[PDB]
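Working notes for the structure below.
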Amino acid sequence: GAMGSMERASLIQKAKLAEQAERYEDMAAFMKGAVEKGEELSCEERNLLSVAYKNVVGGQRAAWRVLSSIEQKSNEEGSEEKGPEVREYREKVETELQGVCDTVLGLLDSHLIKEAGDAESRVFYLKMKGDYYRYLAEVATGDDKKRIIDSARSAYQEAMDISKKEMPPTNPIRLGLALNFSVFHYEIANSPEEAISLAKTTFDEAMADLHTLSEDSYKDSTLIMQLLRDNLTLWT
Amino acid sequence: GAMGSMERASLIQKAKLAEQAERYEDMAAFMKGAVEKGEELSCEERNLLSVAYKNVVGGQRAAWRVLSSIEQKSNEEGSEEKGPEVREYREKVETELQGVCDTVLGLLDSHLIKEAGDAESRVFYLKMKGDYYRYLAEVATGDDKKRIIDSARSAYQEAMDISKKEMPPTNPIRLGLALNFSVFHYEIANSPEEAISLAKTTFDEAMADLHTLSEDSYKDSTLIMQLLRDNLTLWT
Amino acid sequence: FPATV
Amino acid sequence: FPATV
Ligand SMILES: *CC(=O)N1CCC2(CC1)CN(C(=O)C1(Nc3ccc(Cl)cc3)CCOCC1)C2
Ligand SMILES: *CC(=O)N1CCC2(CC1)CN(C(=O)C1(Nc3ccc(Cl)cc3)CCOCC1)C2
Ligand SMILES: [Mg+2]
Ligand SMILES: [Mg+2]
Ligand SMILES: [Mg+2]
Ligand SMILES: [Mg+2]
Ligand SMILES: [Mg+2]
Ligand SMILES: [Mg+2]
Numbered sequence: 004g005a006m007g008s009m010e011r012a013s014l015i016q017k018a019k020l021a022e023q024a025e026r027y028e029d030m031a032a033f034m035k036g037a038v039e040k041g042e043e044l045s046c047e048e049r050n051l052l053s054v055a056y057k058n059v060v061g062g063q064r065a066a067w068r069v070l071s072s073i074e075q076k077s078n079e080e081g082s083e084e085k086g087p088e089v090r091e092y093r094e095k096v097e098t099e100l101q102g103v104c105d106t107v108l109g110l111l112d113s114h115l116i117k118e119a120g121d122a123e124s125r126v127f128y129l130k131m132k133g134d135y136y137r138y139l140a141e142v143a144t145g146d147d148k149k150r151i152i153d154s155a156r157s158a159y160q161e162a163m164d165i166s167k168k169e170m171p172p173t174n175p176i177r178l179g180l181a182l183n184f185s186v187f188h189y190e191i192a193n194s195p196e197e198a199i200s201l202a203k204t205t206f207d208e209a210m211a212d213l214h215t216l217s218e219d220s221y222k223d224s225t226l227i228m229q230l231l232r233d234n235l236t237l238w239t
Numbered sequence: 004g005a006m007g008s009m010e011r012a013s014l015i016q017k018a019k020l021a022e023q024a025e026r027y028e029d030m031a032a033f034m035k036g037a038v039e040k041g042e043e044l045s046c047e048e049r050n051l052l053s054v055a056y057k058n059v060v061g062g063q064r065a066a067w068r069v070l071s072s073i074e075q076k077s078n079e080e081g082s083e084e085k086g087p088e089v090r091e092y093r094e095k096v097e098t099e100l101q102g103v104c105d106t107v108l109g110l111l112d113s114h115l116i117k118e119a120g121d122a123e124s125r126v127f128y129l130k131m132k133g134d135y136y137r138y139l140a141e142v143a144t145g146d147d148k149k150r151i152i153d154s155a156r157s158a159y160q161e162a163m164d165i166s167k168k169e170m171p172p173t174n175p176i177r178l179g180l181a182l183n184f185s186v187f188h189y190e191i192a193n194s195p196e197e198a199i200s201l202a203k204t205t206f207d208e209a210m211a212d213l214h215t216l217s218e219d220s221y222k223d224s225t226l227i228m229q230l231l232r233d234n235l236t237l238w239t
Numbered sequence: 017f018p019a020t021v
Numbered sequence: 017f018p019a020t021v
């Protein structure tokens, strides 16, 4: 890989610079280089990795949705035929998106998850595995769509099982996992009741544990609790 | 080039899709493909080309400024030595920026300018030549900095000479050229008095010609006149 | 779209 | 920074 000659610490330093410059493709490439050094990642490093790819794929998903909407409009009654270009360009963006998801899933499988023994690391990586399978599911229309959905579900479920056993209900990783799994249920699995139940139970169990927290932890937890409430408001 | 197999009309169609998806790197690559077909560009096509590269280089300039500021801070008294990484990454972004500018200048030289005979096309391309030399000048620190500055000046001057002879004072291309040349004077040529004189004379001559315009042309002209006023307000 | 982190 | 188009 192109980052093979760069020191691990230099890659991490440059990832932080790239973040400040809002250069998320660079940030992701630096973090990929850092993962490929083969050492485990610290908490801060895990977050850099996630921030970088979340931003890259987030932009691709937004572009894909714009193009998909145009494509859907082209296939309505009365719409003038404009040739293959809309499908082609949507496919181009889709393929690039799938490539990024496959890259992230590859890092997780080789070998981040298998070396992650602490709950905070293992849950975080399994949540990411769920997330990137969910992004694949968003664009899937073929033979493998059910398997892709199941891969997302399985990863999220393993993460949920560990989080419930090993983390307090206010832990931000536990909360963010539940938030995202709830969205999986609503948007991917056609399970809005499960989505709503999960978000409500997560919120309520967190509420009950806030009393144990410092001011700074309270701020962290309540921010994600508000995201749960926002989704509940959207869905009810 | 990778776009050599794609129809000109398909490239233009996809550039428009890329714009809607805020995929400006793609938009630029599509427009580069379209220019390389060798036919002259319509007004709409010239604007697509300019929009695409303006957005790509604009992002690179913003990133370069973030990194340059960090680098400058690192070279102040009391700042802890952090190694070569900040310089290296600023250099990386700088090199990519210079590459994009060289690409645009290359399109203009091979062969957009030489085939542009109408004032609207020729002025527009010469303004772009000034603009991309100005972006090169922003990052230049070596033997050639004076020549780069002069290349920008020369292009802007030729564009100004044609615009004054061939276009009304409210023409948006004439106004945008004057706006940008004024900024060249202020930011690149260390000539704030010339910048202010140009912006004021341009504004005032445009004001006097508004009476000749339709409602829609008035809206177009006055928008750019407001940019001139905004700069004047900043500078006085 | 709904919130995710 | 100043306005350009
Ligand atoms: C070291 C570690 O595990 N992390 C991930 C959690 C984090 C610190 C770094 C707290 N945090 C957040 O609260 C936000 N992002 C986020 C939360 C939860 C997960 Cl699972 C992933 C990301 C909350 C949303 O706004 C950004 C920070 C990052
Ligand atoms: C066909 C043609 O020459 N053009 C360039 C001028 C334009 C229509 C397409 C009007 N216009 C603008 O008013 C804005 N951009 C712009 C103005 C002037 C120049 Cl020289 C370049 C660009 C004004 C700023 O906001 C975007 C439109 C594009
Ligand atoms: Mg080493
Ligand atoms: Mg496909
Ligand atoms: Mg359950
Ligand atoms: Mg042809
Ligand atoms: Mg350099
Ligand atoms: Mg003069």
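Quick note, the sequences are listed as chains E, Y, X and A, same order.
In terms of our numbering, the first sequence opens at residue 4 and continues consecutively.
In terms of our numbering, the second sequence opens at residue 4 and continues consecutively.
In terms of our numbering, the third sequence opens at residue 17 and continues consecutively.
In terms of our numbering, the fourth sequence opens at residue 17 and continues consecutively.
Cβ coordinates follow ideal geometry from the N, Cα and C atoms, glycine included.
Looking at residue i: is its Cβ nearer than 8 Å to the Cβ of residue j?
{"i": "residue 135 of chain E", "j": "residue 64 of chain E", "result": "no"}
{"i": "residue 93 of chain Y", "j": "residue 71 of chain Y", "result": "yes"}
{"i": "residue 88 of chain Y", "j": "residue 229 of chain E", "result": "no"}
{"i": "residue 18 of chain Y", "j": "residue 37 of chain Y", "result": "yes"}
{"i": "residue 202 of chain Y", "j": "residue 234 of chain Y", "result": "yes"}
{"i": "residue 121 of chain E", "j": "residue 173 of chain E", "result": "no"}
{"i": "residue 142 of chain E", "j": "residue 101 of chain E", "result": "yes"}
{"i": "residue 34 of chain Y", "j": "residue 20 of chain Y", "result": "no"}
{"i": "residue 205 of chain E", "j": "residue 178 of chain E", "result": "yes"}
{"i": "residue 133 of chain E", "j": "residue 119 of chain E", "result": "no"}
{"i": "residue 216 of chain Y", "j": "residue 224 of chain Y", "result": "yes"}
{"i": "residue 21 of chain X", "j": "residue 182 of chain E", "result": "yes"}
{"i": "residue 144 of chain E", "j": "residue 199 of chain E", "result": "no"}
{"i": "residue 11 of chain E", "j": "residue 124 of chain E", "result": "no"}
{"i": "residue 210 of chain Y", "j": "residue 184 of chain Y", "result": "no"}
What's the C-alpha gap between residue i and residue j?
{"i": "residue 67 of chain Y", "j": "residue 24 of chain E", "result": "8 Å"}
{"i": "residue 151 of chain E", "j": "residue 110 of chain Y", "result": "44 Å"}
{"i": "residue 99 of chain Y", "j": "residue 59 of chain Y", "result": "11 Å"}
{"i": "residue 46 of chain Y", "j": "residue 236 of chain Y", "result": "32 Å"}
{"i": "residue 61 of chain Y", "j": "residue 22 of chain Y", "result": "15 Å"}
{"i": "residue 161 of chain E", "j": "residue 218 of chain E", "result": "30 Å"}
{"i": "residue 158 of chain E", "j": "residue 95 of chain E", "result": "28 Å"}
{"i": "residue 226 of chain E", "j": "residue 116 of chain E", "result": "27 Å"}
{"i": "residue 128 of chain Y", "j": "residue 169 of chain Y", "result": "15 Å"}
{"i": "residue 131 of chain Y", "j": "residue 74 of chain E", "result": "34 Å"}
{"i": "residue 175 of chain Y", "j": "residue 113 of chain Y", "result": "26 Å"}
{"i": "residue 207 of chain Y", "j": "residue 19 of chain A", "result": "18 Å"}
{"i": "residue 196 of chain E", "j": "residue 190 of chain E", "result": "11 Å"}
{"i": "residue 146 of chain Y", "j": "residue 106 of chain Y", "result": "21 Å"}
{"i": "residue 186 of chain E", "j": "residue 180 of chain E", "result": "10 Å"}
So, does the CB of residue i fall closer than 8 Å to a CB anywhere in chain A?
{"i": "residue 233 of chain Y", "result": "yes"}
{"i": "residue 47 of chain Y", "result": "no"}
{"i": "residue 78 of chain Y", "result": "no"}
{"i": "residue 237 of chain Y", "result": "yes"}
{"i": "residue 182 of chain Y", "result": "yes"}
{"i": "residue 186 of chain Y", "result": "yes"}
{"i": "residue 179 of chain Y", "result": "yes"}
{"i": "residue 230 of chain Y", "result": "yes"}
{"i": "residue 227 of chain Y", "result": "yes"}
Are the C-beta of residue i and some C-beta of chain Y separated by less than 8 Å?
{"i": "residue 92 of chain E", "result": "yes"}
{"i": "residue 89 of chain E", "result": "yes"}
{"i": "residue 25 of chain E", "result": "yes"}
{"i": "residue 70 of chain E", "result": "yes"}
{"i": "residue 73 of chain E", "result": "yes"}
{"i": "residue 139 of chain E", "result": "no"}
With a threshold of 8 Å between beta-carbons, can residue i be considered close to chain E, or not?
{"i": "residue 37 of chain Y", "result": "no"}
{"i": "residue 16 of chain Y", "result": "yes"}
{"i": "residue 160 of chain Y", "result": "no"}
{"i": "residue 13 of chain Y", "result": "yes"}
{"i": "residue 20 of chain Y", "result": "yes"}
So that I know if they touch, is there some Cβ in chain X lying closer than 8 Å to that of residue i?
{"i": "residue 58 of chain E", "result": "no"}
{"i": "residue 208 of chain E", "result": "no"}
{"i": "residue 97 of chain E", "result": "no"}
{"i": "residue 189 of chain E", "result": "yes"}
Checking contacts by CB at 8 Å: is residue i closer than that to chain B?
{"i": "residue 55 of chain E", "result": "Within the model displayed, chain B is absent; protein chains E, Y, X and A are what it includes."}
What residues sit near ligand 6, counting only those whose C-beta is closer than 7 Å to one of its heavy atoms, in chain order? Residues flagged by the Cβ proximity filter: Y/10, Y/11.
Please enumerate, following chain order, all residues with a beta carbon closer than 6 Å to at least one heavy atom belonging to ligand 4. Counting every residue whose Cβ lies closer than 6 Å to a heavy atom of ligand 4, we get E/94, E/97.
If you measure from each CB to the nearest heavy atom of ligand 2 and keep those under 7 Å, what residues do you get, in chain order? With the cut-off at 7 Å, the residues found are Y/46, Y/47, Y/49, Y/50, Y/53, Y/123, Y/127, Y/130, Y/175, Y/176, Y/178, Y/179, Y/180, Y/223, Y/226, Y/227, A/21.
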